[PDB]
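First the structure, in the form of structure tokens, and then the observations on it.
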Amino acid sequence: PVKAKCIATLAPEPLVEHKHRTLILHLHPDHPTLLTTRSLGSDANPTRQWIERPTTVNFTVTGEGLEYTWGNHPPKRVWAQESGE
Amino acid sequence: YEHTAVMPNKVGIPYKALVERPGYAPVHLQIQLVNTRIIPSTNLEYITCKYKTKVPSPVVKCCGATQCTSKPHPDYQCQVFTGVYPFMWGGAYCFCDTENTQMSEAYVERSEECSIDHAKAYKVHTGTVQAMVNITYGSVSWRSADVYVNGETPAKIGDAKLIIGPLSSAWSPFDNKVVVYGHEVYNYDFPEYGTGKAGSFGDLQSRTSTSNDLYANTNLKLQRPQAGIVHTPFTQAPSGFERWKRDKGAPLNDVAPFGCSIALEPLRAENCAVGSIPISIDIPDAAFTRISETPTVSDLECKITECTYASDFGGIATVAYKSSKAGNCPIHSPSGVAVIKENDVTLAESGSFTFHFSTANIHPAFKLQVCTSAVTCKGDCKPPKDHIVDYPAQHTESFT
Amino acid sequence: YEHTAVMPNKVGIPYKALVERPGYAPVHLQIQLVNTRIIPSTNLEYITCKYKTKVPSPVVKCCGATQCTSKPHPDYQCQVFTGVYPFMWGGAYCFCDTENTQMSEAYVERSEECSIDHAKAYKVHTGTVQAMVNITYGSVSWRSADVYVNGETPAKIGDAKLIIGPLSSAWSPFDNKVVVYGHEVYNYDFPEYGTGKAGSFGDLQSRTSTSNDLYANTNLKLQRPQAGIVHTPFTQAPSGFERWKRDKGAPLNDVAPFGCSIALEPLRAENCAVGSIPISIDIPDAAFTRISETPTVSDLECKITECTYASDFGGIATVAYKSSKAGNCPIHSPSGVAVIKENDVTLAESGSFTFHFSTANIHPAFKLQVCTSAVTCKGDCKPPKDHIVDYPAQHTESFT
């Protein structure tokens, strides 16, 4: 057994949607995709869920940031400061 | 002029402080902590992996017993058995019918995947954090050097000597006990070398890959082969490395706090944005410009024109520059309210040049130090609309 | 029957507890903690050693200057000098008289002794203590196994499974910061890598022996050679490794507390007699003798005959054994007042056999459990005369 880099997986890109300190994400994979995040406060408040059924989800993003992992697609990151004027 | 500065630990954004040396012209900083890779002190305690019941071929004495001995193989399970009639290619071959004896033996051994696909425990201490700090300094305009955090280490790469930390935010996102797998790192209370219950994680526990000795609590129990046929019932828990790959927990690069990323590399935890770092630099005095050569800018005026109450450098402000000479003029807001994109502004003889910035207070009353000339750029700002992209440049939220 | 037992940490003496399993015959212990080697968690911070000013041979330009550059050698001291007339085998050789230039350069380098004769700093954490515990158990009569202290580790060497500690006496005789030299270990607040003042300890500070980089604050100051002759005045502090060998402090194997010895070996601190260890064993039930096979000894009598109020097993006591069968009978005083040399006594049909012991109370009122038969061996003891030899077997001093 060797450390080959398999030609490997990739899940379709997400639909990013803005709200006030909140990411609505209409999402639509090919296969069951383990999504997960890390609210970068010292309060981690992570989430995990395999997604195979297309699902609009939500994420209470904080002031300092959140990150977002659409499958083995690379991890995203997001500034959600205010939007409530 | 050894410019001490408390400094927030946050990776992807410069920290353009200002050198207020009494006597010569000030110089801006641009300190971008491009990385916060950690590399705690650790110890390889034991690799684990899934077993392989690589059965040695059983003995079959045809008429009478064959006592087994406890060979020193890891988890060497061996049990004599009688009452067989072993069908092997010619029907049976041993001519007795109860004195037909069969001695099954099986030991546990590292898989071939153990070398390569293997979890890996650690006792993790704190160690010492690092960074490839870029400073596009002053007029030097470049140094991208790897540094430490311990508050007496310089790194004379470029021309400047810089001392960092120790940081106050000692949260090692790694716990004391950690399991590691390929790239997914698990802050797991692995039981220990030498103990792991069969089926549970660490049923196989080898010190390293080379280590011929190990601990194999697999509950390997041989049973007698059936109805006078040659084979080896090995009844065994599939590994706690088999599970731990599909009934596991989530990875620390997906559950950590305070903003870290991970690698199976020196076991760093990159970019952990938390707390502050007391950083202090000894600039090369040659890089300074004497005060009598930069234009004096006073008798000026500053005002916002479209302040954006935001993260991206949306805040702007014209400045009625009132110079004496003409040239460059480093700039900074000593108040942390306003973070400015421009370190330096060019000046003709008393012109005007807008800069960009970002704030967090509706009424930004921040001083601006245009190369030894302070000014309040008071005003009012507007909220944006479009907030779903990576991390800010503002990082200055307070009471507003 | 998993015989938990609090147990004093003290090296060279057995601890002959007694297994009171309800149902079968009891069995004695003999637990001798032959060693208490410690091996804390540590880090090689920097070797130091005495420098060697291995001068590179100076330049001599005969008419005009030779500007020096700051080469990256450790503590690369170099200073141009003029005004020479260097006598070299033919009188002088450079025909000028003031334009004769001499560029002296000298850097610090590890001695050849640095590889071998070298102090060695450490940041020392606590780690995990060990022991080659002999138990000449029961009728097993032998196991000499290396164990741990962490209170879930077994060591199935022999037949018994034994769990030790964690000890309550966490005094690591090593301090946090330690210097080490050959065999003499010094719990010294070494300044640090990268800092050590010249002359003081750690003027040379190399990470390891191989490490070409180091820190050499030796205050190496070159001076001009005299009166037009070729040589290299290097004015330098002899090392803080030179001192630290004759104005040092004393070694931790000569100044430690609570009774330790030391080695430049895994950095253990052997035989640290302090506190207690909560030890618990799972005996092999096969080693037990069932209760209906050992003689019942009751209707007996015990009395001292010459009790020695002492350390060596000077206390003696006949016992009017009143047996049922004839054979062996393990013995122990469940009270810690009396420590007994004999684990086991042979018995004919109701004879008498003296044993040896040692106590600390003038009136030793200690129970004696002769294989499920208690008895008070009350009496009175006598002080000895002859107290200058190694350590006791009594170790039971209390209020008397």
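The numbers used for chain C are those of Swiss-Prot, and the residues that appear cover 802-1201, in sequence.
Method of determination (from the header): electron microscopy, 5.9 Å.
Just so it is clear, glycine is given a Cβ too, placed from its N, Cα and C backbone atoms.
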Disulphide pairing with C:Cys863 per Swiss-Prot - partner from C:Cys850, C:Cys869, C:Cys879, C:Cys895: C:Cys895
Cross-link partner of C:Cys915 (disulfide, per Swiss-Prot) out of C:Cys850, C:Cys864, C:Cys869: C:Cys850
Disulphide pairing with C:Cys1182 per Swiss-Prot - partner from C:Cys1061, C:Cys1073, C:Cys1103, C:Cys1108: C:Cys1108
Disulphide bridge to C:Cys1178 as given by Swiss-Prot, partner from C:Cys1073, C:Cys1103, C:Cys1130: C:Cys1103
Residue from C:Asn935, C:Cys1061, C:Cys1178 whose C-alpha is spatially nearest that of C:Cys897 (disulfide bond), among the recorded positions: C:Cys1061
Under 8 Å by Cβ from C:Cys864 (disulfide bond), same chain, sequence gap 6 or more: C:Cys895, C:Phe896, C:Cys897, C:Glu900, C:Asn901, C:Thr902
Residue among recorded positions C:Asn935, C:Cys1073, C:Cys1103 with Cα closest to the Cα of C:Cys1172 (disulfide bond): C:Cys1103
Within-chain partners of the region 'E1 fusion peptide loop' (C:885-902) [C-beta distance under 8 Å, separation at least 6 from its ends]: 860-867, 1025-1026, 1028-1031
Cα-nearest neighbour of C:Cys1061 (disulfide bond) within the listed disulfide-bonded residues, C:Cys1108, C:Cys1130, C:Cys1178: C:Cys1108
Inter-residue C-alpha distance, C:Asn935 (N-linked glycosylation site) and C:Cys1178 (disulfide bond) (nearest angstrom): 29
Residue among the disulfide-bonded residues C:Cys850, C:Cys879, C:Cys915, C:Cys1103, C:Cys1108 whose Cβ has the most other Cβ atoms within 10 Å: C:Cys850
Local backbone state of C:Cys915 (disulfide bond), from DSSP in three classes: helix
